[PDB]
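Enquirer: Handing you this structure, nothing more for now.
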Amino acid sequence: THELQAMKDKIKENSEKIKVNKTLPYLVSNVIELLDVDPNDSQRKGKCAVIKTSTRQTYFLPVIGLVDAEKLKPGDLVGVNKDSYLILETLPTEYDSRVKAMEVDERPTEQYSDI
Amino acid sequence: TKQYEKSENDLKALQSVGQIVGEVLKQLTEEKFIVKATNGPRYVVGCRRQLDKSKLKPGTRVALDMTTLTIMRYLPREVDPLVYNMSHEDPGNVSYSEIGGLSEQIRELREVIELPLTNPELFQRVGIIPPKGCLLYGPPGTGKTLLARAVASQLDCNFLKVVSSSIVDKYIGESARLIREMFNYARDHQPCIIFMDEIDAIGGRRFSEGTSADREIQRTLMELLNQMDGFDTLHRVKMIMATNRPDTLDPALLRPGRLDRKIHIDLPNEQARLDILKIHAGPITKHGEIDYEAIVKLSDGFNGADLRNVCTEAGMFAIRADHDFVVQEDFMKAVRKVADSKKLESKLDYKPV
Amino acid sequence: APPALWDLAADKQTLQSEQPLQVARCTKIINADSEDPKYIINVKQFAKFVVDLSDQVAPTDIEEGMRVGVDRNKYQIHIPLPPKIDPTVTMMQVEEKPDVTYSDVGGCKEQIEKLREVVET
Amino acid sequence: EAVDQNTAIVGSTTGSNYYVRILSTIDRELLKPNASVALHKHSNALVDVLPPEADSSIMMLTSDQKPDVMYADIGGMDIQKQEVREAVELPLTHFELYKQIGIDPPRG
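These protein sequences, in sequence, are chains X, Y, V and S. Heads up: the first sequence begins at 199 in the working numbering, then just goes up one per residue. Heads up: the second sequence begins at 644 in the working numbering, then just goes up one per residue. Heads up: the third sequence begins at 44 in the working numbering, then just goes up one per residue. Heads up: the fourth sequence begins at 15 in the working numbering, then just goes up one per residue.
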């Protein structure tokens, strides 16, 4: 009954490996989502997912990895590093620079009551 | 504690790299199959040992290994835009009766669209070919966009709206292919229906050719033609078209086939505007004093939204006094006077057919 | 040549100073920062990355959509660079140096003075 | 093209011209001026071309796999078919008659 702290240590050591291999979000990407399982023709199980890249490429991957089909139908910014090709987290949101915010100002510094 | 380790064991499956998407092009031998990457290099690789080429076929979306590039797994069909054009929803249905006029605009479009779906036998009973599409135009009066929007959630069955904007696709405006990419699922999900607003600015003339951005336009038109020029039967898709004017489209579209029927809207009659105010006067409650024909006889030659919005604006102009219920008095003034300002810009609204 | 001789001498110190800061490519604009450690940066090479910094860069000193230097291996934040655009049509339009002073006036006194009180006054 | 003995120039399927000494045992006969040659994984060496070929796109049919529509319904185009009459059937089924008449078949 005292092995719960030992399992807490192995999930702390392996989540420390989740701290070094999340696997880190770096390259920006986009998603394509689907559900699949393989009967043959023996029987096995699993699921697959698709992805976009910043380099325009696309990949066919067993389901993410890390976060799951929980969300979403394909969005933006799904964290993946290079050959790992797994999606750890989906970070909000959108785009872009001044296209994002045309002008964001405090407000006009005077009130219409003058004119 | 145990579920966290399960997510750890989940992560013990994730170090395996994801494969590369592929399209099997054709084949050569059982160890050699023509395949290309999405970036253009063509390869010939071996398969895995579970599959038969009957599970592959040429021209098939597949996947390859990341090193050996061997054929392993696959999915036949995928795309981004399709389902995300579906999700626009119109209240009604009952918005059918909430467009006011007009019968032969209302009723005929039911015979133009609905009956083709349910009873194609009634087409072959007489022997007439099914109309595969429809066309609106304007804007004398108005409602081309809502009557569409209404019928979508009214007619039910399967319908997919086409947003007319983003097609240009910035770099490499080849996206006319996406219409086939959309038509492919329109041949899959069939039957399905398509509304199109703004076919005119994508209806570019190339009359006297100039610069660059016109060339990508006219090229995006050539596929729309050829898609309807098939070589194919699109009958299970219903193409609905409306825009500012039915003029610039060039004669290729203007013929049947591409443009199946001629439907439009004009200035709704004051008799039909008498009904257009009811659906405006329904959601607004006031003191019980009303003469519908008063506003109908005072306010003349308007549109459903033009009436309503100003009629609600009149209620908003009348509620400026902070009192709650308002008799038509303010409205026989506001809607009268306010739309007079609104009819100043009614200028030059009369467009060719 | 004594200019040219001293000119090829310190390439030793240039190649020794070459290895640090040389990979500062590529000039890259950032996108958003959700919290302290994280950043997302976007370049015109098509490379878009959500990635961290080099410790020499403070968070509050940096602006959104800012061209920066980076070591593209780690994809760090090296230094932000203010300039963006544009090319030499500016440097053609932008001009410098003096010439042709007041005294070239052809006798107009308060025609130039009414506009001399507006600008240099 | 093949530039000279034992070597040649080729673009990849990524479209870049190369210079490679060709595979030794087959110099010429099947290489031809225009083909698609399979290039070495690492080196992109000149080795062998396709059969040729299963090719890539389309590739043909559209009749046995459908659709097809009978032209005999519309007879108003007869004089417009008069060209297609003489400009299709015999041009395909006879290349020899064009040696006999002394006139070359047009592609127009």
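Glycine included, C-beta positions come from ideal geometry on N, C-alpha and C.
1) Please state if the CB of residue 265/X and the CB of residue 227/X are separated by a distance shorter than 8 Å.
2) Return the bridge partner residues of residue 777/Y from the DSSP annotation.
3) From residue 679/Y to residue 208/X, what distance separates their C-alpha atoms?
4) Using 8 Å as the threshold, is the region 771–789 of chain Y in touch with the region 908–917 of chain Y, meaning 3 or more CB pairs across them?
5) Between the Cα of residue 719/Y and the Cα atoms of 872/Y, 739/Y, 697/Y and 970/Y, which residue gives the shortest distance?
6) Listed in chain order, which residues of the region 23–49 of chain S have Cβ atoms closer than 8 Å to some Cβ of chain Y?
7) So, helix, strand or coil for residue 93/S, using DSSP?
8) Could you tell me the alpha carbon to alpha carbon distance between residue 244/X and residue 691/Y, rounded to whole angstroms?
9) Just reading off the beta strand (DSSP E) that residue 143/V is part of, what are its end residues?
10) Give me the Cβ distance between residue 704/Y and residue 732/Y, rounded to the nearest whole Å; I'm assuming they're in contact under 8 Å.
11) Please report the residue range of the beta strand (DSSP E) in which residue 835/Y lies.
12) Counting only C-beta atoms, is residue 93/V closer than 8 Å to chain X at any point?
13) May I ask you to report which of helix, strand or coil DSSP gives residue 895/Y?
14) Mind checking whether residue 812/Y and residue 885/Y have CB atoms under 8 Å apart?
15) What would DSSP say about residue 75/V, mapped onto helix, strand or coil?
16) Tell me the DSSP secondary structure of residue 821/Y in three-state form.
17) Measure from the alpha carbon of residue 972/Y to the alpha carbon of each residue in 983/Y, 941/Y, 995/Y and 992/Y, then state which is nearest.
18) I'd like to know if residue 97/V contacts chain X, where contact means its C-beta is closer than 8 Å to some C-beta of that chain.
19) Please report how far the alpha carbon of residue 32/S lies from the alpha carbon of residue 673/Y, in whole angstroms.
20) Could you name the residues of chain S that residue 874/Y contacts, counting a contact when the two beta carbons are closer than 8 Å?
21) When you check each C-beta in the region 695–709 of chain Y against every C-beta of chain S, which residues fall closer than 8 Å?
22) Just the C-alpha distance for residue 107/V and residue 230/X, rounded to the nearest angstrom, thanks.
23) Examine chain S for any beta-carbon lying closer than 8 Å to the beta-carbon of residue 750/Y, and answer yes or no.
24) If you draw a straight line from the C-alpha of residue 874/Y to the C-alpha of residue 72/S, how long is it?
25) In this structure, does DSSP put residue 231/X in helix, strand or coil?
26) Which residues, taken in chain order from the region 661–675 of chain Y, show a beta carbon closer than 7 Å to some beta carbon of chain S?
27) Compare the C-alpha of residue 70/V against each of 54/V, 79/V, 138/V and 91/V and name the closest.
28) Quick one: which chain Y residues come within Cβ less than 9 Å of residue 70/S?
29) Once you ignore the five residues that flank residue 242/X on each side, which residues in its own chain have a CB closer than 7 Å to its CB?
30) In terms of residue numbering, what span does the beta strand (DSSP E) encompassing residue 652/Y cover?
31) Output needed for residue 224/X: all residues of its chain with C-beta closer than 7 Å, excluding positions within five of it in sequence on either side, in chain order.
32) So is residue 72/V in contact with chain X if we call contact Cβ pairs under 8 Å?
33) Quick one: Cα of residue 788/Y to Cα of residue 798/Y, how far?
34) Less than 8 Å between C-beta atoms, sequence neighbours within five positions excluded: which residues of the same chain meet that for residue 815/Y?
35) Using a C-beta to C-beta distance shorter than 7 Å, which residues of chain Y count as neighbours of residue 263/X?
36) So what does DSSP say about residue 151/X, is it helix, strand or coil?
Expert: Checking against the coordinates, here is how it stands:
1) To locate residue 227/X, count along the first sequence from 1; it is residue 29. To locate residue 265/X, count along the first sequence from 1; it is residue 67. The answer is no: Cβ separation not under 8 Å.
2) Here residue 777/Y refers to the residue found at position 134 of the second sequence. Residue 777/Y is bridged to 883/Y.
3) Taking the first residue of the second sequence as 1, we reach residue 679/Y at position 36. Taking the first residue of the first sequence as 1, we reach residue 208/X at position 10. C-alpha separation (whole angstroms): 43 Å.
4) yes
5) On the second sequence, residue 719/Y is found 76 positions in, with the first residue counted as 1. Of the listed residues, the one whose Cα sits closest to residue 719/Y is 697/Y.
6) If the cut-off is 8 Å between Cβ atoms, the region 23–49 of chain S has 26, 27, 28 and 29 near chain Y.
7) What you label residue 93/S is simply residue 79 of the fourth sequence in a count that begins at 1. Reduced to three states, the DSSP call for residue 93/S is helix.
8) Residue numbering aside, residue 244/X sits at position 46 when the first sequence is read from its first letter. Residue numbering aside, residue 691/Y sits at position 48 when the second sequence is read from its first letter. Near 17 Å, if we compare the C-alpha coordinates of residue 691/Y and residue 244/X.
9) Numbered from 1 along the third sequence, position 100 holds the residue referred to as residue 143/V. That residue, residue 143/V, is in no beta strand (DSSP E); it is neither H nor E in DSSP.
10) As a working mapping, residue 704/Y is identified with position 61 in the second sequence. As a working mapping, residue 732/Y is identified with position 89 in the second sequence. About 31 Å separates the two Cβ atoms, so there is no contact after all.
11) Walking along the second sequence from the start, residue 835/Y turns up at place 192. Annotation for residue 835/Y: the continuous beta strand (DSSP E) segment containing it runs 835–840.
12) Against the third sequence, residue 93/V aligns to sequence position 50. Output row for residue 93/V: interface = yes.
13) As a position in the second sequence, residue 895/Y is number 252, starting the count at 1. In the structure shown, residue 895/Y sits in a helix (DSSP, three-state: H, G or I).
14) Locating residue 812/Y in the second sequence gives position 169, where the first residue counts as 1. Locating residue 885/Y in the second sequence gives position 242, where the first residue counts as 1. Contact flag unset, no.
15) Start at 1 with the first residue of the third sequence, and residue 75/V comes out as number 32. In this structure, residue 75/V counts as strand in the three-state DSSP scheme.
16) Stepping through the second sequence from its first residue, residue 821/Y is reached at position 178. Residue 821/Y falls in the helix class under three-state DSSP.
17) The residue given as residue 972/Y occupies position 329 in the second sequence. Ranking the options by Cα distance to residue 972/Y, first place goes to 941/Y.
18) The residue you call residue 97/V lines up with position 54 of the third sequence. Residue 97/V does not count as touching chain X.
19) Counted from its first residue, the fourth sequence places residue 32/S at position 18. Counted from its first residue, the second sequence places residue 673/Y at position 30. Cα to Cα, residue 32/S sits roughly 30 Å from residue 673/Y.
20) Here residue 874/Y refers to the residue found at position 231 when the second sequence is read from its first residue. In chain order: 76 and 81.
21) 701
22) In the third sequence, residue 107/V corresponds to position 64, counting from 1. In the first sequence, residue 230/X corresponds to position 32, counting from 1. Between residue 107/V and residue 230/X, the C-alpha separation is close to 29 Å.
23) Here residue 750/Y is taken as the residue at index 107 of the second sequence, counted from 1. Not one chain S Cβ lies under 8 Å of residue 750/Y.
24) Working through the second sequence from its first residue, we reach residue 874/Y at position 231. Working through the fourth sequence from its first residue, we reach residue 72/S at position 58. If I take the Cα positions, the gap works out to 13 Å.
25) On the first sequence, position 33 is the one that residue 231/X refers to. Residue 231/X: strand per DSSP, three-state reduction.
26) 668, 669, 670 and 671
27) On the third sequence, residue 70/V is found 27 positions in, with the first residue counted as 1. Closest by alpha carbon: 91/V.
28) What you label residue 70/S is simply residue 56 of the fourth sequence in a count that begins at 1. Ordered by position in chain Y, the residues that pass the 9 Å Cβ test against residue 70/S are 668, 669, 677, 679 and 685.
29) Position 44 of the first sequence, counted from the first residue, corresponds to residue 242/X. Only 236 meet the Cβ criterion.
30) As a position in the second sequence, residue 652/Y is number 9, starting the count at 1. Residue 652/Y -> not in any beta strand (DSSP E); alpha helix (DSSP H) instead, spanning 645–654.
31) Along the first sequence, read from residue 1 onward, the residue named residue 224/X stands at position 26. So the qualifying residues of the chain are 279.
32) Here residue 72/V corresponds to residue number 29 of the third sequence, with the count starting at 1. Chain X, which has a Cβ nearer than 8 Å to the Cβ of residue 72/V, makes this yes.
33) Here residue 788/Y corresponds to residue number 145 of the second sequence, with the count starting at 1. Here residue 798/Y corresponds to residue number 155 of the second sequence, with the count starting at 1. So the two alpha carbons sit approximately 15 Å from each other.
34) Walking along the second sequence from the start, residue 815/Y turns up at place 172. None.
35) Start at 1 with the first residue of the first sequence, and residue 263/X comes out as number 65. Correct list: 657.
36) Any property of residue 151/X remains undetermined from this structure, which presents chain X solely from 199 to 313.
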